[PDB]
Structures are given as structure tokens and as C-alpha cells.
There are 4 protein chains.
Amino acid sequence: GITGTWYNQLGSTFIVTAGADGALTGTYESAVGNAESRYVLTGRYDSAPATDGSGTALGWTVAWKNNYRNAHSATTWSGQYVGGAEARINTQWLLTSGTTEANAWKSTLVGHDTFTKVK
Amino acid sequence: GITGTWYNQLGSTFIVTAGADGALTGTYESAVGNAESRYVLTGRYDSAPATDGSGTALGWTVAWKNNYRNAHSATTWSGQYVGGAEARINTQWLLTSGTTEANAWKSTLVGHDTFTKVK
Amino acid sequence: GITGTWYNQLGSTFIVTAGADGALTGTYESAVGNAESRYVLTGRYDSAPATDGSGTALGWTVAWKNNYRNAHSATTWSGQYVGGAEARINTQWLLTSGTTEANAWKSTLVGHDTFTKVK
Amino acid sequence: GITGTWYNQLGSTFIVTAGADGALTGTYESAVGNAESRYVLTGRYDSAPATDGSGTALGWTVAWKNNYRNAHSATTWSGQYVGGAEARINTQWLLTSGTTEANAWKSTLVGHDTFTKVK
Ligand SMILES: O=C(O)CCCCC[C@@H]1SC[C@@H]2NC(=O)N[C@@H]21
Ligand SMILES: O=C(O)CCCCC[C@@H]1SC[C@@H]2NC(=O)N[C@@H]21
Ligand SMILES: O=C(O)CCCCC[C@@H]1SC[C@@H]2NC(=O)N[C@@H]21
Ligand SMILES: O=C(O)CCCCC[C@@H]1SC[C@@H]2NC(=O)N[C@@H]21
């Protein structure tokens, strides 16, 4: 149930296709920051999750460069998919910017996004 | 410069190929945890980084499932590549395990790996 | 408006007293994990925040040991207080457990809690 | 063993005293960022750690405001103390800045510091 179009609390749009062997591919559009239009994303997910009530672990990356801009940074989202009447993807992310070795201590931002199918 | 074989402080193996369109593909071998043999990885990087002293932002994902074992989890590495005689990849990572809704608060581990390029 | 009794999405109870010079003191009671009853907490906060619409940065620590149990770990919450008709404290935390140097790679959990005054 | 003067890889200074009730108090001096002189710190640690080869869990907070400067932010260090001839404190930290509700997604930086005890 991972395949589809998802939105997070910020209005960003996440469009993924989950492959049978565990691949994630699609595009991401951020509603905030130095970003414009769509960006390519790639990731992986557990294609054979536990039988109990556990969620499905997954993660994907986005390098913020496309035909319009390049913010010289990348974000990785790590979390888990929870199915049901109202499916959700709960994640925590790391946004690393390219920096000089002198500013490397303040290169990574951390946060959390929650995706649902309701625009 | 990113393309090659790398190893982190734990003795883990990272073999990657950086595509011209910003894609990263390869395999990862962890020296620790519930894992064995090689796992597929996919990521993205900044294919047009700043021509200054800044690092190259990148990130990649590994879902801990192959033809031999499944740990129902996924790790994402976010960081930057710093070129030169002694090429290094400094990262911070998030490892999320699939869990029941009740144990969700303790599903994500955080850490940091430093990779050194071989030969 | 920081002083008072707060609750997070897990049902945990946070009781703080903000001192004029920026000190935070109180007790914490977790609704989950190897915890029982109240634990002492101490922290700091910006006692002279910006004039614009910015929140108030703050943070506190809790070592999980009291008269009843000792989980040999500590959590630090870092975030910001947002006042108004419906005040909230948005945070992200790091839970570090004491471990052998061999398991140090999986010693820290990361998450996020949102506190409000509604039990 | 925790009580003393420490320094991290950035050249920052950490002077702390570990109380018998699990309390940590002292001052911190950062070698980088929008800060100058000493800042008050407070934290907690496990005063009854495991008698094995495990580290001692601890954490502390610093709100970046003193009688000379105010950066409207707060950092929390979470980690463990490892005793011996070469005592070390390995940490991971969260630095949260006060921001308007619109810039909240980029309010928290994440990193890691390693402290070495002097003399
Ligand atoms: O501005 C920057 O520093 C980089 C440009 C991209 C910023 C978008 C970030 S990624 C995490 C967060 N989730 C989301 O949906 N948008 C933001
Ligand atoms: O055991 C588990 O919970 C999951 C499988 C093992 C995960 C290994 C982790 S990934 C981050 C870290 N870097 C590395 O090289 N090995 C560890
Ligand atoms: O079980 C453990 O590993 C340690 C015992 C304490 C666990 C409580 C954690 S702290 C972060 C989170 N927020 C909250 O309110 N409760 C949990
Ligand atoms: O500039 C700011 O945004 C805040 C004031 C400077 C903060 C310094 C940070 S705290 C974590 C890190 N460790 C250290 O020793 N110095 C840096």
C-alpha cells in the first residue's frame, strides 16, 4: 500500500512506486526551502515485513538538485509505513548541506515528517 | 571520486558507483548487528557541487533484507564527501526498525560513521 | 508561561518551574519504558527570547534512576516553547543507554515529543 | 571521574562537577558559533552505573545566553562517560534555535562531540 501519492504536515508532495524486490522510486516536491518543482528520489523498503502488527521499515534519499536549482544538500528520510483504514508514513530526517570543514559542525539538520494520503 | 570501495570505523564495507545523473548504487556489508553478506543500496548525491572548499552532499539507504536474512529495518546515511589525497565520507545515520504502534517511540537509533577510501 | 504541568502524546507527565535567570527544574514521569514514578530533571532556557514571533529555546535532561529503578540511561530533550491560546513545547530527544564499547553503535535512540497542557 | 576539565575536538571547554545525587553543574565555553565567554550548564548522570564494562549515561544542557551574548538557542548533549587511564565522554547533541512557526522545520541541528579529560 506504499505506492501512491502522499503529503506531509508541510504540504510537500511525495510520489513513490514500491517495487516487488524492495525498491522505492519517485519524485519529491518540497513546499518549503530553497527548492522548486520536482526532485528525483530513490530508496529501499522491507518487502517481507513481520507477521505481527509491525510497520514496514523504509527510507529514501533526495539530492536537492534539478533543472531549476541546486541547494547543494541532501535529505534522507528513515521511518516506517503503517497500513490500515488511514495509512501513514512516520519518518525522521537528516538534511546535510555541503560545507567547508570549518562549518562541518553545523551542516546537518534533523526533523520529523508524517505523510498521509490526504492532500 | 565517490566511486570505489570504502570502510568505516566498524570494519563495514561500502562499495558504490556514482552515476552522472546523481545516482548512487552498490552494496553494503555490515560488520555488526543482525545482518550477513551483502545488501543492496541506492542513493543520490550532488553531481554539480560548489567549486570551492565545500564537501559534496549525499545520502543512501539500505533495507536490511537480502536472500539470506531480514532484520525488518532500514538505515539511511546522510552526509558529505570530502575529496583530496585522503578522501573521506563523514556521515550521520538513522536506523529505523519495524515496530508495533506501542513500541514506536523506540524504533529509531541514531549514530555517525566515517568512511575511508581504499587505495 | 513555561512553568506548569505538561503532557506529551504518550501520556508522560512533565512538571517544570522556570526560574528568572533561565533555570528549569522539576520532575518527569514516563508512561512507557523501564520507568516508574517520578524522576528529577534539570535544564536551561532562553530567559530573554527574540521580540519577533520566535519561540523560546530550551532543553532539559533526565537520568533514569530514582528510588525504585535504574535503567542506566539518560534522555535530553531539545526544542522550543510556543505561547498563545494553546501553548505547546515541541521537542526532539536523544536517549543514551550505558553500553560496552562494542555495543556503543546502538546506544542512542532519537525521537520527538510534543507537550501541551491538556491531560 | 566525571568531575574535571574536558575539551572536545573543536577546542571547546567543558568544566563540570558531578554531585552525589546525580546532578551535573558547571560551565561551558564554545570554540565556535555565536557565543563568547562561559555559559552555565546543568545536567544529570547515572550515579549508580553497572559494575561491568558499560559506560555511564549522562546528559546536560546549555542555553546560549550569558551576561554578554544571547544566541536564542539551546544545546543538549546526550551520551556516556567511559573511565580508565584515558577517560572519554562520547556524545551526540541537538541544538535548537528559537524560530517563527514557519521556519520551525529547520530549527534543530544535530552532531557529535568527543571529550578528552585534561590531566
Ligand atoms: O532549503 C534547504 O536547506 C534544502 C532544500 C530542501 C528543503 C526541504 C526539507 S527536507 C525535510 C523537510 N521535509 C519537507 O518536506 N521539506 C523539508
Ligand atoms: O541489527 C540491526 O538492528 C540492523 C542490521 C545491522 C545494522 C548495522 C548498522 S547501520 C549503521 C551502522 N553502520 C554500520 O556499518 N553498521 C551499523
Ligand atoms: O526504557 C528505557 O530505555 C529508558 C526508560 C525511560 C524511557 C522513556 C522515554 S524518554 C523519550 C520518550 N518520551 C517519554 O515521555 N517517554 C519516552
Ligand atoms: O551559534 C549558534 O547557533 C549557537 C551558539 C554556538 C553553539 C556551539 C555548538 S554546541 C554543539 C557544538 N559543540 C561545541 O562545542 N560547539 C558546538
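Ligands are counted one by one from 1 in listed order, and the atoms in each one are counted from 1 as well. The sequence lines fix the lettering, A, B, ..., with proteins before strands; numbering per chain opens at 1.
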Please tabulate, one line per pair, the protein nitrogen or oxygen atoms found under 3.5 angstrom from a nitrogen or oxygen of ligand 4, with distances to 0.1 Å, or say none if there are no such pairs.
{"from": "ligand 4", "atom 1": "1 (O)", "to": "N34(D)", "atom 2": "N", "distance (Å)": "2.9"}
{"from": "ligand 4", "atom 1": "13 (N)", "to": "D113(D)", "atom 2": "OD2", "distance (Å)": "2.8"}
{"from": "ligand 4", "atom 1": "15 (O)", "to": "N8(D)", "atom 2": "ND2", "distance (Å)": "3.0"}
{"from": "ligand 4", "atom 1": "15 (O)", "to": "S12(D)", "atom 2": "OG", "distance (Å)": "2.7"}
{"from": "ligand 4", "atom 1": "15 (O)", "to": "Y28(D)", "atom 2": "OH", "distance (Å)": "2.8"}
{"from": "ligand 4", "atom 1": "16 (N)", "to": "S30(D)", "atom 2": "OG", "distance (Å)": "3.2"}

Atom pairs and distances, donor-acceptor, side-chain atoms in residues 97-104 of chain B, under 3.5 Å, two or more places apart:
{"from": "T99(B)", "atom 1": "OG1", "to": "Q80(A)", "atom 2": "NE2", "distance (Å)": "3.3"}
{"from": "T100(B)", "atom 1": "OG1", "to": "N103(B)", "atom 2": "ND2", "distance (Å)": "3.1"}
{"from": "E101(B)", "atom 1": "OE2", "to": "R88(A)", "atom 2": "NH2", "distance (Å)": "3.3"}

If the plane angle is over 60° it's perpendicular, under 30° parallel, otherwise tilted; pick one for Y81(A) and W6(A).
perpendicular
Under the salt bridge (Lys or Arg N to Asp or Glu O under 4.0 Å) rule, collect the residues that match up with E36(D), sequence neighbours excluded.
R69(D)
Ignoring hydrogens and angles, tell me if any N or O in the side chain of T91(B) forms a donor-acceptor pair with the backbone of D113(B) under 3.5 Å.
yes
Between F115(B) and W77(B), how do the two ring planes meet: parallel, tilted or perpendicular, split at 30° and 60°?
perpendicular
ring-ring contact (aromatic ring centres under 6.0 Å, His included) involving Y7(B) - partner list, sequence neighbours excluded
none
